[PDB]
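Below, all heavy atoms of this structure are taken into account, side chains as well, without hydrogens, waters or symmetry copies. Atoms within a ligand are numbered from 1 in the order they appear, just like the ligands themselves. All residue numbers refer to positions in the sequence shown, counting from 1.
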Amino acid sequence: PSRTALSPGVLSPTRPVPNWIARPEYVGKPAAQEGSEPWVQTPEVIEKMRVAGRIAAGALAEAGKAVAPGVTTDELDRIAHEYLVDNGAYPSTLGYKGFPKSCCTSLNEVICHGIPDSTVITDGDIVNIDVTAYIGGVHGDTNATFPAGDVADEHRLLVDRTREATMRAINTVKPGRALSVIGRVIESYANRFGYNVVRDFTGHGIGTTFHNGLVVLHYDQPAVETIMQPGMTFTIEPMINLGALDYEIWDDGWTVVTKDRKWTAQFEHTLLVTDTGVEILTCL
Ligand SMILES: Nc1nnc(SCc2ccc(Cl)cc2Cl)[nH]1
Ligand code: NI
Ligand code: NI
């Protein structure tokens, strides 16, 4: 038997960031300046994104190494926040549209955007940690779902197959390919097991802004005409559900949960289309 449905807990005090670490423009504003930026990056921006992506991948790995029964999601946040700040990176989530922490921690039926708090992880949970770094004027964005103790087969297989669907999608990226191949491959793979791929949340172009207006669907929609070109930077980040797609948002305005409380898993990397293929920027 696995735990029952989650409820929100209490947040820790806001974690400070030294002032010499530049803030993204949206910190202190109610919305963000994003969605109309070019999709192909310059070489200088790409080089900076490799830095941001490695630092994000570091923070995710350190926080993920900490996932175990008994640890709170706030403890994961303090680990991610300190790794980012000690690397001179601003945690991009902190202050985005008022988001109060430095990463998102999404257990079990939480599709995305969970807020680190007093929630205690327990045996059988699956814990998504999403870490984003802003450094060098650019963002890196990455996430993974980590098992806590012995996870029930249904849930273990959801996590492993979601990781596999993400890697199969990443491996289709190449110049000249329709962007829509990504959601074709993910949805085809998920459909093997009767999983449902989330539609209303998507991958995104990312560069000097976090959601730059490029949208990467994770479901099949071949009418999209966008082609992958060298220098494009964007994420692949499917959320795959055991249950139905219907969801609710908690009163905090962030936490998105499945309406039927069946569990859901996600993995995410920031990618660069190269002249021949793809480079994952959010690798160690
Ligand atoms: N689409 C998406 N990728 N990773 C997330 S975690 C939330 C988040 C992280 C950073 C920033 Cl600047 C904005 C947001 Cl919404 N969401
Ligand atoms: Ni993310
Ligand atoms: Ni993302």
(request) Just say parallel, tilted or perpendicular for the rings of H204 and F210, cut-offs at 30° and 60°. (result) tilted
(request) Check the angle between the aromatic planes of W254 and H113 and answer parallel, tilted or perpendicular using the 30° and 60° thresholds. (result) perpendicular
(request) Verify the distance criterion only: is there a donor paired with an acceptor across the side chains of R161 and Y189 at less than 3.5 Å? (result) no
What residue and atom, counting heavy atoms only, is the protein's closest point to [atom], and at what distance?
{"atom": "atom 2 (C) of ligand 1", "result": "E237 OE2, 3.4 Å"}
{"atom": "atom 16 (N) of ligand 1", "result": "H113 NE2, 3.0 Å"}
{"atom": "atom 15 (Cl) of ligand 1", "result": "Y96 CE2, 3.5 Å"}
{"atom": "atom 9 (C) of ligand 1", "result": "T93 CG2, 3.3 Å"}
{"atom": "atom 5 (C) of ligand 1", "result": "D130 OD2, 3.3 Å"}
{"atom": "atom 1 (N) of ligand 1", "result": "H211 CE1, 3.0 Å"}

(request) For the Ni ion (ligand 3), find the closest N/O/S atom on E268 and give its atom name. (result) OE2
Sub-4.0 Å atoms of ligand 1 with respect to non-hydrogen atoms of [X]:
{"X": "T132", "value": "9 (C), 10 (C)"}
{"X": "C104", "value": "6 (S), 7 (C)"}
{"X": "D141", "value": "3 (N), 4 (N)"}
{"X": "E268", "value": "3 (N), 4 (N)"}
{"X": "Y26", "value": "12 (Cl)"}

(request) Please check if the distance between the ring centroids of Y96 and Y26 is under 6.0 Å. (result) yes
(request) Examine all N, O or S atoms of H204, backbone included, and report whether one is under 2.8 Å from the Ni ion (ligand 3). (result) yes
(request) Please find out if the Ni ion (ligand 3) and some N, O or S atom of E237 are separated by less than 2.8 Å. (result) yes
(request) For the Ni ion (ligand 2), find the closest N/O/S atom on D141 and give its atom name. (result) OD1
(message) Once you restrict to heavy atoms under 4.0 Å, what part of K97 touches ligand 1? Side chain, backbone, both or neither.
(response) neither
(request) Record the part of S92 in heavy-atom contact with ligand 1 below 4.0 Å; permitted values are side chain, backbone, both and neither. (result) both
(message) On the six-membered ring of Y90, is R23 placed so that its NZ or CZ lies under 6.0 angstrom from the centre and within 45° of the ring axis?
(response) no
